[PDB]
């Protein structure tokens, strides 16, 4: 008698013990009120959401939702062990375009990136990965840089984080520490598996709905070609059966690669940083962050105004400050292009002040 009850109790004990070590709570059920609060919070403009869709690859971008891949058609994995064949032998192992203000987050199963002979176990506070990842902006593209770990490069240790369940929304929250160039980062977790949106019918009960990626196609192409740019981590979610757990490796954009800015462009234009009050001549994370922040201070100044255009970049907008006399050029796609101080006593500066043509 009760063989089924015994098996269920045994499953429940094993699940509770695994979840405890992994920092995992089973998804809740959602009242109407909860689901509304959860949907409000995930639809904020700067929200980054992880879905607990098991065994999935995800790419999230602020303002445009989450792209999900699951199944064998998630052979995207193999660019992630081709790389892992390649560390046998240059710290940048591989750059992968994902497609053509703005933050981004890429995540996939951590176990497929684990070290030689390694099984990642719940309870660990860090995991040594032979390859770490970083999202960057490379010439219009969102790209993933795969970096060989070791010593002379970037450490192998990746921190394991635990999410906090918000009892008001039924969502989870992971928080990343502040770094040079960026405040603490909140990442939302939708604990309900959601490979796509359920149709809003009587066949489903209320759940939060993660905004789904729309717009440009996500497609991985290998592109021809420091540790402060790394905000990557591992967290645990329930497995597909829902009774065990799986580790997920998560990678965020470099603080300096944000759509409006890229480290590449800041470096290219650092020659102008003296016009924004920066004396440093060395180019490093610290001074490029100074330059990025100086451009943001110029654009945020209440007396900075849109004034004219930069002929060479069709549809660019120029933002002028009448006190510092600085201009900053923004391309039509929103990318920072360049900036410098206007000389009002020179021909070209006089033409700009008079006509707006920079």
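Residue numbers count along the first chain shown, from 1.
Visitor: Does the entry skip any residues of the deposited sequence between residue 225 and residue 226, and if so, is it 1 to 3, 4 to 9, or 10 or more, or none at all?
Guide: Unresolved stretch here: 4 to 9 residues.
Visitor: Are residue 89 and residue 90 truly consecutive in the deposited sequence, or are residues between them missing coordinates? Give the number as none, 1 to 3, 4 to 9, or 10 or more.
Guide: Going from residue 89 to residue 90, the model skips 4 to 9 residues of the deposited sequence.
Visitor: Higher average CA B factor in the deposited record is what I'm after, so tell me if that's 124-132 or 149-157.
Guide: It is 149-157.
Visitor: Determine, for stretches 186-194 and 73-81, which one has the higher mean CA B-factor as deposited.
Guide: Going by the record's values, the stretch with the higher mean is 73-81.
Visitor: If you compare 105, 96, 164, 266, which has the highest Cα B-factor in the entry?
Guide: By C-alpha B-factor in the record, 96 ranks first.
Visitor: Among the candidates 58, 52, 45, 323, give the one with the maximum CA B-factor reported in the record.
Guide: Going by the entry's C-alpha B-factors, 45 comes out highest.
Visitor: Rank-wise, by C-alpha B-factor, drop residue 117 into the lowest, middle or highest third of its chain.
Guide: For residue 117, whose C-alpha B-factor we compare with every modelled residue in the chain, the answer is the highest third.
Visitor: Which third of the chain holds residue 290 when residues are ordered by C-alpha B factor: lowest, middle or highest?
Guide: Its C-alpha B-factor, which the entry lists for residue 290, ranks in the lowest third among residues of this chain.
Visitor: Based on the deposited C-alpha B factors for this chain, I'd like to know if residue 311 is in the lowest, middle or highest third.
Guide: Within its chain, residue 311 is a highest-third residue by C-alpha B-factor, going by the deposited values.
Visitor: Taking the entry's C-alpha B-factors for this chain, is residue 172 in the lowest, middle or highest third?
Guide: It falls in the middle third of the chain.
Visitor: For residue 68, does the deposited CA B-factor place it in the lowest, middle or highest third of the chain?
Guide: For residue 68, whose C-alpha B-factor we compare with every modelled residue in the chain, the answer is the lowest third.
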